[PDB]
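Before any comments, here is the structure.
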Amino acid sequence: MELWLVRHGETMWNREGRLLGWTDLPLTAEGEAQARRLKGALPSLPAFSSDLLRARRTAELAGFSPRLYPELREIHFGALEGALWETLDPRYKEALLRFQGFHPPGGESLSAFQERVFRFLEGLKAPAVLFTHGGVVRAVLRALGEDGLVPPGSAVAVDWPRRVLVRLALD
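Numbering (the authors' numbering) for the sequence shown: 1 to 171.
Have a look at this one:
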(Lines of atoms letter the chains of each structure in order from A and count residues from 1; the text may use other names and numbers.)
(Lines give C-alpha, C1' and ligand atoms only; values in the text may rest on other atoms or scores of the structure.)
Protein backbone atom coordinates (compact mmCIF):
# COMPACT_ATOMS: atom_id res chain seq x y z
CA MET A 1 0.00 0.00 0.00
CA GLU A 2 1.25 3.44 -0.98
CA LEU A 3 2.34 5.47 2.04
CA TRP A 4 4.14 8.80 2.19
CA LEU A 5 6.26 9.46 5.26
CA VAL A 6 7.48 12.95 6.10
CA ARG A 7 10.34 13.74 8.46
CA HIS A 8 9.39 16.91 10.35
CA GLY A 9 11.29 20.15 9.91
CA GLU A 10 14.36 20.89 12.02
CA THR A 11 14.42 21.90 15.68
CA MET A 12 17.37 23.30 17.63
CA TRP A 13 18.49 19.81 18.67
CA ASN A 14 19.19 18.93 15.03
CA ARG A 15 21.94 21.52 14.54
CA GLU A 16 23.12 20.83 18.09
CA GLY A 17 23.26 17.08 17.52
CA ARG A 18 21.21 15.97 20.54
CA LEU A 19 18.95 12.90 20.66
CA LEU A 20 15.38 14.17 20.31
CA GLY A 21 12.66 11.68 21.16
CA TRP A 22 9.62 12.55 23.24
CA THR A 23 11.10 15.88 24.34
CA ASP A 24 8.56 18.31 22.85
CA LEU A 25 10.62 20.97 21.07
CA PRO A 26 9.27 23.45 18.50
CA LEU A 27 10.46 23.91 14.92
CA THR A 28 13.11 26.55 14.28
CA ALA A 29 12.38 29.31 11.76
CA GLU A 30 14.17 27.23 9.09
CA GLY A 31 12.23 24.18 10.22
CA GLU A 32 9.03 26.05 9.48
CA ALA A 33 10.38 27.15 6.10
CA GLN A 34 11.16 23.51 5.25
CA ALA A 35 7.60 22.58 6.21
CA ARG A 36 6.05 25.29 4.05
CA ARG A 37 8.05 24.08 1.08
CA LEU A 38 6.24 20.75 1.29
CA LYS A 39 2.90 22.38 0.52
CA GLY A 40 1.99 21.39 -3.02
CA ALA A 41 4.68 18.74 -3.15
CA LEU A 42 2.75 16.03 -1.30
CA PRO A 43 -0.30 14.08 -2.54
CA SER A 44 -3.77 15.04 -1.29
CA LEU A 45 -4.21 11.90 0.81
CA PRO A 46 -5.68 11.44 4.30
CA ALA A 47 -3.09 12.68 6.79
CA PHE A 48 -1.95 11.28 10.12
CA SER A 49 0.69 12.79 12.35
CA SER A 50 2.71 12.23 15.48
CA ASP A 51 1.12 14.34 18.22
CA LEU A 52 4.44 15.96 19.09
CA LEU A 53 4.58 19.68 18.30
CA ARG A 54 7.28 19.56 15.61
CA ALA A 55 5.39 16.94 13.61
CA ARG A 56 1.94 18.53 14.04
CA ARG A 57 3.28 21.94 12.96
CA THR A 58 5.03 20.47 9.92
CA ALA A 59 1.74 18.92 8.82
CA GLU A 60 -0.12 22.20 9.32
CA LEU A 61 2.45 24.28 7.42
CA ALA A 62 2.44 21.68 4.63
CA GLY A 63 -1.28 22.31 4.18
CA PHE A 64 -2.76 19.33 6.04
CA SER A 65 -5.14 18.90 9.00
CA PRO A 66 -4.00 15.46 10.24
CA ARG A 67 -5.52 13.17 12.84
CA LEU A 68 -3.02 12.72 15.67
CA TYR A 69 -1.58 9.36 16.74
CA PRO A 70 1.17 8.98 19.36
CA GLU A 71 2.04 5.70 17.62
CA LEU A 72 3.83 7.84 15.03
CA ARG A 73 6.18 9.34 17.60
CA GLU A 74 9.94 9.12 17.48
CA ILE A 75 11.47 6.48 19.75
CA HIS A 76 11.47 7.37 23.47
CA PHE A 77 15.17 7.81 24.33
CA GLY A 78 14.56 7.61 28.07
CA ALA A 79 17.53 8.87 30.07
CA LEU A 80 19.26 9.55 26.75
CA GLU A 81 16.78 12.28 25.79
CA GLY A 82 18.85 15.37 25.01
CA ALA A 83 22.15 13.52 24.99
CA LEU A 84 24.81 14.78 22.59
CA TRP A 85 25.33 12.12 19.91
CA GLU A 86 29.03 12.97 19.99
CA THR A 87 29.52 11.85 23.61
CA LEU A 88 27.16 8.87 23.62
CA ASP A 89 28.61 5.74 25.19
CA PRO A 90 29.89 3.29 22.55
CA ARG A 91 27.29 0.65 23.44
CA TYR A 92 24.51 3.11 22.63
CA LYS A 93 26.26 4.61 19.61
CA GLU A 94 26.87 1.26 17.93
CA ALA A 95 23.33 0.12 18.75
CA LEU A 96 21.86 3.19 17.05
CA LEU A 97 24.27 3.08 14.11
CA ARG A 98 23.52 -0.60 13.54
CA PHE A 99 19.87 -0.09 14.52
CA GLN A 100 19.82 -3.08 16.87
CA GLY A 101 19.82 -4.02 20.54
CA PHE A 102 19.05 -0.55 21.84
CA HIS A 103 17.42 -0.26 25.22
CA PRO A 104 17.95 3.07 27.00
CA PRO A 105 17.15 3.19 30.73
CA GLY A 106 13.75 4.76 31.34
CA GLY A 107 13.04 4.56 27.63
CA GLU A 108 11.75 2.45 24.77
CA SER A 109 13.68 -0.44 23.19
CA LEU A 110 14.26 -0.37 19.45
CA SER A 111 12.31 -3.63 19.28
CA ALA A 112 9.29 -2.07 21.00
CA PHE A 113 9.62 1.02 18.80
CA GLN A 114 9.60 -1.09 15.63
CA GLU A 115 6.58 -3.12 16.78
CA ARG A 116 4.80 0.13 17.56
CA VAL A 117 5.53 1.68 14.16
CA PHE A 118 4.87 -1.42 12.07
CA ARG A 119 1.66 -2.22 13.96
CA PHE A 120 0.43 1.28 13.14
CA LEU A 121 1.35 0.93 9.46
CA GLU A 122 -0.39 -2.45 9.29
CA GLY A 123 -3.59 -0.87 10.55
CA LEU A 124 -3.79 1.69 7.74
CA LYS A 125 -6.60 0.82 5.33
CA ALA A 126 -5.74 3.22 2.49
CA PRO A 127 -2.85 5.35 1.14
CA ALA A 128 -1.98 8.21 3.47
CA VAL A 129 0.60 10.88 4.23
CA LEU A 130 2.28 10.34 7.60
CA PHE A 131 3.92 13.28 9.36
CA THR A 132 6.47 11.70 11.60
CA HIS A 133 10.11 11.52 12.74
CA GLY A 134 13.59 10.61 11.58
CA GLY A 135 13.67 7.35 13.50
CA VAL A 136 10.32 6.26 12.11
CA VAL A 137 11.31 6.95 8.51
CA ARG A 138 14.60 5.21 9.26
CA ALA A 139 12.90 2.09 10.62
CA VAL A 140 10.72 1.87 7.52
CA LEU A 141 13.53 2.45 5.03
CA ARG A 142 15.84 -0.02 6.78
CA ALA A 143 13.13 -2.69 6.91
CA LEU A 144 12.88 -2.21 3.15
CA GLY A 145 16.64 -2.75 2.93
CA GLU A 146 17.81 0.80 2.25
CA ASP A 147 19.77 3.50 4.10
CA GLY A 148 17.21 5.21 6.31
CA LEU A 149 18.67 8.68 6.81
CA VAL A 150 16.73 11.53 5.13
CA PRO A 151 16.87 15.35 5.54
CA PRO A 152 14.57 17.17 7.97
CA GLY A 153 11.49 18.38 6.11
CA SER A 154 11.88 15.72 3.42
CA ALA A 155 9.63 12.83 2.41
CA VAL A 156 9.66 9.28 1.06
CA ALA A 157 6.94 7.24 -0.56
CA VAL A 158 6.88 3.46 -0.15
CA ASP A 159 4.70 0.55 -1.24
CA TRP A 160 4.47 -0.95 2.24
CA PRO A 161 5.77 -3.57 3.02
CA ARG A 162 7.42 -4.26 -0.34
CA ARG A 163 9.63 -1.41 -1.60
CA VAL A 164 10.62 2.24 -1.55
CA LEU A 165 9.05 4.29 -4.36
CA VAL A 166 10.65 7.71 -4.12
CA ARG A 167 12.63 10.06 -1.90
CA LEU A 168 11.74 13.74 -2.13
CA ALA A 169 13.95 16.54 -0.80
CA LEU A 170 13.35 20.25 -1.46
CA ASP A 171 15.59 23.30 -1.16
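Even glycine gets a Cβ: it sits at the ideal position worked out from N, Cα and C.
Would you kindly work out how many angstroms separate the C-alpha atoms of residue i and residue j, rounded to a whole number?
i: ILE75; j: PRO161; result: 20 Å
i: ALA157; j: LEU168; result: 8 Å
i: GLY63; j: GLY153; result: 14 Å
i: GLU32; j: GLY82; result: 21 Å
i: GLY135; j: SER44; result: 24 Å
i: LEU25; j: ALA55; result: 10 Å
i: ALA29; j: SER65; result: 21 Å
i: residue 206; j: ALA126; result: In the structure as shown, the chain starts at 1 and stops at 171, and residue 206 therefore has no counterpart that could be examined.
When you compare each of the options to residue i by their alpha carbons, which one comes out closest?
i: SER50; options: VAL137, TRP4, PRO70; result: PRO70
i: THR23; options: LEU5, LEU68, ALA79, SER44; result: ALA79
i: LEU96; options: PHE118, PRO127, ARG142, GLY106; result: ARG142
i: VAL150; options: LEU3, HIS8, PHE118, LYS93; result: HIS8
Assuming residue i and residue j form a contact by the criterion Cβ under 8 Å, report the distance between their Cβ atoms to the nearest whole angstrom.
i: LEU72; j: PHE48; result: 6 Å
i: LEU20; j: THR132; result: With 8 Å as the limit, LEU20 and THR132 do not qualify as a contact, their Cβ atoms being about 13 Å apart.
Mapping the DSSP letters down to three states, classify residue i as helix, strand or coil.
i: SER65; result: coil
i: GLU2; result: strand
i: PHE77; result: coil
i: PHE118; result: helix
For residue i, collect the residues of the same chain with a Cβ closer than 6 Å to its Cβ; drop the 5 residues on either side in sequence, then sort them by chain order.
i: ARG57; result: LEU27
i: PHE99; result: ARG142
i: residue 191; result: Beyond the ends of the chain as shown, which are 1 and 171, falls residue 191; an answer cannot be given.
If you drop the 5 nearest sequence neighbours on each side, which residues of the same chain put their C-beta closer than 8 Å to that of residue i?
i: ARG163; result: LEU144
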